[PDB]
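[1] sequence first, structure after; it's an experimental one.
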Amino acid sequence: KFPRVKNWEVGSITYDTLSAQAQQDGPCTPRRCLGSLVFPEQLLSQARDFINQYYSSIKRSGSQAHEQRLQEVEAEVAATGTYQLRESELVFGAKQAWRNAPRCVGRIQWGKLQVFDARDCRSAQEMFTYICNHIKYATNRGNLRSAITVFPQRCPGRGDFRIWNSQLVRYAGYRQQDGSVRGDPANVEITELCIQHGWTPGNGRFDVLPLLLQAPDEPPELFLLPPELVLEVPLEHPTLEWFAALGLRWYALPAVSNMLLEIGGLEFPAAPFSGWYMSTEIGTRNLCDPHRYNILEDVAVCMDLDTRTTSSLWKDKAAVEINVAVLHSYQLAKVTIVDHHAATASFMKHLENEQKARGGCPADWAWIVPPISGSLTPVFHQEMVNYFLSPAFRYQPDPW
Amino acid sequence: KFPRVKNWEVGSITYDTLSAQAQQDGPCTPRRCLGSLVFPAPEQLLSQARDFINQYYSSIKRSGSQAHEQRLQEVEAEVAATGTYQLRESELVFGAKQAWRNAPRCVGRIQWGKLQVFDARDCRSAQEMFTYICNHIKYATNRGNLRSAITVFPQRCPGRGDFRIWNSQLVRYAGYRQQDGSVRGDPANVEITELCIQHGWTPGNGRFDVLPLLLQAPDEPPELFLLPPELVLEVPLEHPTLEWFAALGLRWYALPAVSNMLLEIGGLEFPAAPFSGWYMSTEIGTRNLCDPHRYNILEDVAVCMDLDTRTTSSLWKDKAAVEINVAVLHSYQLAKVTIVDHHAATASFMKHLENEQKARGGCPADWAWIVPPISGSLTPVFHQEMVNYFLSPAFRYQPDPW
Ligand code: HEM
Ligand code: HEM
Ligand SMILES: Cc1cc(N)nc(COc2cc(CCN3CCC(F)(F)CC3)cc(F)c2F)c1
Ligand SMILES: Cc1cc(N)nc(COc2cc(CCN3CCC(F)(F)CC3)cc(F)c2F)c1
Ligand SMILES: C[C@H](O)[C@H](O)[C@H]1CNc2nc(N)[nH]c(=O)c2N1
Ligand SMILES: C[C@H](O)[C@H](O)[C@H]1CNc2nc(N)[nH]c(=O)c2N1
Ligand SMILES: [Ca+2]
Ligand SMILES: [Cl-]
Ligand SMILES: [Cl-]
Ligand SMILES: [Gd]
Ligand SMILES: [Gd]
Ligand SMILES: [Zn+2]
């Protein structure tokens, strides 16, 4: 009943007792495992259990304020069918939802998160101001700070607050008459929407898209980001002088804007959150994936590698140097970044901390292990258990 | 519906209808996924046997034929009289290929139809067992042009012990528990090393001493057999442009030959059935030489490369690991020993998935084992969603016989 979990480098054994509290159901069955797939009024009951967590979390369970909050939420839903979080409960739910994210390797940071309460928002012009506060605060001139801004919860009968962009900062993706893409291929859909709802297309490879913000029961509105607000890093290499001339750049702040936040039965469909980057996210996935910028062969040609036989490992050598360029360029510009060795070493520490805090830690091995040098990191050798705890971030249908 | 599967590099979508035919259950539940864990009766014999016979007769496009009806009836009668049955030779060849085809953690399954099957079911002693194995090693090594092969020893049957091969692989390097607590040699092989000494093997003291074989005939303690040095093809490691690398004095063996799994065909179980293919270079380069709990040479190579090992942000570990993998591929190709790099291996596996989709409507695959241990997202299988499940016939783990 309690999964035995082994670390093969060390030989250490633990048992995951927290997986018993798995509140929902994942995609796997005894017949088949689907862990590799990317996407695979009684509201009182969720509301009740989250409060118990909260008061247990502050060592005030069954106590005075515990029983009062319970009858409070009961009355609020009885009167309207929904209820309101205390600002502190909102802070706690935000951090827990990060803490419970099985696919995030950055969770050693989960206690330090800046929660911006924006539930008093209405109109997209106010969304936009909340967002620029967030962006300015989180960027902090390159010394990055984690943050989330929470827009009003979904409620019955009412529209919804949605940010149509998947991230707050995204490069455009233009299609050409030869079928291909100039810019970021992942953004061809959001880019044509931006154009169609007003935006004037640039023509470069790193044109920052506008924001398509949507307030309850109106069409979305464009909002162009001030250029001094969006901090970017020109990519250069410590020793390959031609690398800079490739013209590659990326942005400082990874800020995800299209995931739904869920707390004690409440659902916040706009709650963007930001941290800082792991270097492999930029250098390996964003620039070297075949369906993203796909620059691997360009760099290999420039390094004078032999590209007509797979066994010279030219793909591997070019990838490492692109990651070195990324790390060097962010450091040179004093923008917070973390390499996959340091990050995976801190996730090991987080697993050990959580093994003592709550008896385990939900983790998705395929997303924890970095996309280069897998077995050179300690998490490759760590067995992991993936389950869904609440509160949580979840994917959600596109707003169309 | 069946599980919808997506390739993110191409955009394409398939449905894995084959998984619906999964018999034995895996370790996952709707509560929790254990996909990352390494190691998580007459009427059931007949239903497995029946299903296997049906598979065979589909393979040769003779389903429903008279021979198909008669072989089912034949198997039914033998189980009713003896409680077990015997495979025809053709069923055994087909069964061994299907088990390979069904193995979710093997990336080299493009080759599953080209497998040499040695029938050793009439083996009667440990000496005959050793002779079958030397012939296997000789056939498969083939002086460096490796050929896939399996030797099937007699099946488990009631009232008699199993044939077993105590070694996990036919060729392994000794790992000597050093006196100060460390290890000289391969640390993965400390247990089997100590069992060889205790069974009368006089050990050496190198880092690359080939272990002898411990073979167990039914109801008998294991017997010790020395592999003839001329049978064990080994490759000295050198680097194409790092001339000091040869001074490390690194070697690895040509032939990867797994000897401790159980083969299961139509309900029958073969506790000894060693199989061998050829290496993927990351198994030697990354895992066997750079795992911290294996030969753990990564820091030493990095210093000799004059890399800045005092901070992770220079990516010295990645750089050294690449050159170790370069050395392995260069050294095998120089010695004329078959080897495949992880880009070629994973590209051929993508071709296999597409054939299997057309042939059977799916393919069981364990993503964490198919994605190679370096450069994952640079290979195409990284971006391929996969469904993991158990089909039979199958290769299975089994308890250590001691
Ligand atoms: C502060 C430093 C952080 C680092 C280095 C980091 C790193 C990562 C990485 C590498 C992933 C895998 C994403 C991918 O490659 O597609 C991920 C996923 C995720 N992160 Fe973190 N992250 C950080 C902060 C945060 C914060 C502040 C939150 C929320 C409060 C968060 C919530 C999540 C969630 C929900 C996912 C899952 C998204 C998905 O499934 O694609 N992370 N993170
Ligand atoms: C012909 C070239 C072959 C290549 C390149 C190859 C490659 C591999 C690799 C890289 C793995 C992962 C193993 C690890 O990381 O330890 C694996 C596993 C496996 N292979 Fe293959 N293999 C080949 C032939 C064969 C053959 C001939 C068989 C059986 C007839 C076979 C059956 C298996 C099985 C059962 C596993 C999984 C073992 C486990 O669960 O630990 N392979 N193979
Ligand atoms: C705060 C933070 C820090 C950090 N360092 N990194 C992240 C990245 O978080 C995500 C990354 C991705 C990319 C993976 N992929 C994109 C296309 C797809 F949506 F189709 C499937 C998922 C999707 C998400 F939703 C995410 F939250 C977030
Ligand atoms: C035929 C063949 C070809 C090839 N190219 N390669 C292989 C490697 O097959 C295995 C290799 C190993 C040793 C590596 N390691 C042992 C401990 C562990 F079990 F924890 C994880 C795997 C164990 C197995 F069972 C295997 F099938 C086999
Ligand atoms: C198909 C496969 O599940 C998919 O490529 C996953 C695998 N692991 C990943 N890991 C991270 N960190 N990010 C990803 O987008 C993915 N993608
Ligand atoms: C804990 C983890 O599952 C373990 O280290 C696995 C990961 N993936 C692997 N994949 C392959 N092919 N071989 C392995 O030994 C492993 N080890
Ligand atoms: Ca045209
Ligand atoms: Cl990104
Ligand atoms: Cl091996
Ligand atoms: Gd040049
Ligand atoms: Gd040289
Ligand atoms: Zn699973």
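    Yep, it's here. Numbers count the residues shown, from 1 in each chain, chains lettered A, B, ... in the order given. Ligands and ions are numbered 1, 2, ... in the order given.
[2] on the strand side of things, show who the residue minimising distance to the centre of chain A bridges to.
    Closest to where the C-alpha atoms of chain A average out (Cα atoms, centre = their mean) is residue A:256, at 5.3 Å. Judged by DSSP bridges, the bridge partners of residue A:256 are residue A:167, residue A:273.
[3] surely it touches residue A:273?
    Yes - the criterion here is Cβ atoms under 8 Å, and residue A:256 meets it with residue A:273 at 6.0 Å. (Each C-beta comes from the backbone N, C-alpha and C, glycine too.)
[4] residues in contact with the residue lying closest to residue A:260 once chain neighbours are set aside?
    Of all residues not flanking residue A:260 in the chain, residue A:396 sits nearest, at 4.2 Å (Cβ to Cβ, 6 or more residues apart in numbering or on different chains). Contacts here follow Cβ atoms under 8 Å, 6 or more residues apart in numbering or on different chains; on that basis residue A:396 touches A:258, A:259, A:260, A:269.
[5] and the helix or strand hosting residue A:250, which strands flank it?
    Following DSSP states H and E, one finds residue A:250 within strand A:249-251. Strand pairing for strand A:249-251, using DSSP bridges, gives strand A:232-234 (antiparallel).
[6] run through who's touching the strand it pairs with.
    Contacts of strand A:232-234 (Cβ under 8 Å, 6+ apart): A:206, A:244, A:248, A:249, A:250, A:251, A:252, A:329, A:330, A:333, A:335.
[7] tell me the buried residues in that strand?
    Neighbour-count burial for strand A:232-234, counted by 16 or more other Cβ atoms under 10 Å in any protein chain shown, picks out A:232, A:233.
[8] what does stretch A:181-197 give?
    Neighbour-count burial for stretch A:181-197 [16+ other Cβ under 10 Å]: A:181, A:183, A:184, A:185, A:186, A:187, A:190, A:191, A:192, A:193, A:194, A:195.
[9] so which of the residues you listed are also by ligand 12?
    Among the buried residues of stretch A:181-197, not one lies near ligand 12 by Cβ under 5 Å from the ion.
[10] list the contacts for the residue in the stretch 101-250 of chain A positioned nearest to ligand 5?
    Of all residues in the stretch 101-250 of chain A, residue A:103 sits closest to ligand 5, at 6.6 Å by Cβ to the nearest ligand atom. Counting by Cβ under 8 Å, 6+ apart, residue A:103 makes contact with A:364, A:367, A:368.
[11] distance check, it against residue A:384.
    In this view, residue A:103 and residue A:384 are 11 Å apart by Cβ to Cβ, to the nearest Å.
[12] gap between the residue in chain A positioned nearest to ligand 4 and residue A:380?
    When scored by Cβ to the nearest ligand atom, chain A has residue A:8 as its residue closest to ligand 4, at 6.4 Å. To residue A:380, residue A:8 is 9 Å away according to Cβ to Cβ.
[13] got it, and residue A:318?
    For residue A:318 relative to residue A:380 (Cβ to Cβ), the value is 22 Å.
[14] tell me which residues touch the residue of chain A found nearest ligand 5, please.
    Nearest residue of chain A to ligand 5, counting by Cβ to the nearest ligand atom: residue A:367, 4.0 Å away. Neighbouring residues of residue A:367 by Cβ under 8 Å, 6+ apart: A:102, A:103, A:104, A:105.
[15] residue A:23: which of the residues you listed is nearest?
    residue A:102 (13.1 Å; Cβ to Cβ).
[16] for the closest one, give me its contacts.
    A:362, A:363, A:364, A:367, A:386, A:387, A:388.
[17] so residue A:291 sits right up against residue A:187, yeah?
    No - using Cβ under 8 Å, residue A:291 makes no contact with residue A:187, being 11.8 Å away.
[18] enumerate the residues of the stretch 151-300 of chain A near ligand 3.
    Within the stretch 151-300 of chain A, the positions adjacent to ligand 3 are A:254, A:256, A:259, A:273, A:274, A:275, A:277, A:278, A:281 by Cβ under 6 Å from any ligand atom.
[19] ChimeraX command for the buried members of those?
    A single ChimeraX command suffices to select whichever of these are buried according to 16+ other Cβ under 10 Å:
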select /A:254,256,259,273,274,275,277,278,281
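[20] give the contact list for the residue of the stretch 301-400 of chain A found nearest ligand 2.
    Closest residue of the stretch 301-400 of chain A to ligand 2, Cβ to the nearest ligand atom: residue A:375 (9.7 Å). Residue A:375 makes contact with A:381, B:286, B:287, B:290, B:291, B:373, B:374 under the criterion Cβ under 8 Å, 6+ apart.
[21] and with 7 Å instead?
    B:286, B:287, B:291, B:373, B:374 (Cβ atoms under 7 Å, 6 or more residues apart in numbering or on different chains).
[22] quick check: phi and psi at it.
    With angles defined as degrees, to the nearest 10, residue A:375 sits at phi -70, psi -10.
[23] and the contacts of residue A:396 as TSV, adding secondary structure?
    As requested, those are arranged in TSV below (DSSP: H, G, I helix; E, B strand; the rest coil):
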residue	secondary structure
A:258	coil
A:259	coil
A:260	strand
A:269	coil
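[24] quick one on the thing from earlier: and the residue of the stretch 101-250 of chain A closest to ligand 5, that's in a strand?
    No - assigned with three-state DSSP, residue A:103 falls outside any strand and is coil.
[25] according to the record, where do the domains of chain A fall?
    Following CATH domains of a matching chain, chain A resolves into domains at A:16-119+A:146-156+A:260-274+A:344-368, A:120-145+A:160-231+A:395-399, A:232-254+A:277-342.
[26] and the longest one, does that touch ligand 1?
    Yes - contact between domain A:16-119+A:146-156+A:260-274+A:344-368 and ligand 1 is present through A:98, A:101, A:103, A:104, A:105, A:106, A:109, A:113, A:146, A:148, A:273, A:367 (criterion: Cβ under 6 Å from any ligand atom).
[27] give me the PyMOL select line for the residues you listed, limited to the buried ones.
    Here is the PyMOL command that selects the buried residues among those (16+ other Cβ under 10 Å):
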select buried, chain A and resi 98+101+104+105+106+109+113+146+148+273+367
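[28] for the residue of the stretch 201-350 of chain A found nearest ligand 12, give me its contacts.
    Nearest to ligand 12 in the stretch 201-350 of chain A, going by Cβ to the ion, is residue A:347, at a distance of 20.1 Å. Residue A:347 makes contact with A:105, A:107, A:108, A:368, A:379, according to Cβ under 7 Å, 6+ apart.
[29] am I right that it is in a helix?
    Yes - Residue A:347 forms part of a helix when assessed by three-state DSSP.
[30] residue A:306 is in contact with residue A:317, isn't it?
    No - using Cβ atoms under 7 Å, residue A:306 makes no contact with residue A:317, being 10.1 Å away.
[31] now the helices: where do they sit in the stretch 101-250 of chain A?
    A:124-139, A:188-196 (DSSP state H, counting those that start in this stretch).
[32] do you know which of those lies nearest ligand 2?
    It's helix A:188-196; of the helices of the stretch 101-250 of chain A, that one is closest to ligand 2 (Cβ to the nearest ligand atom) at 36.0 Å.
[33] what residues does that closest one touch?
    Residues contacting helix A:188-196 (Cβ under 7 Å, 6+ apart): A:164-166, A:170, A:172-175, A:181, A:201, A:209-210, A:212, A:222.
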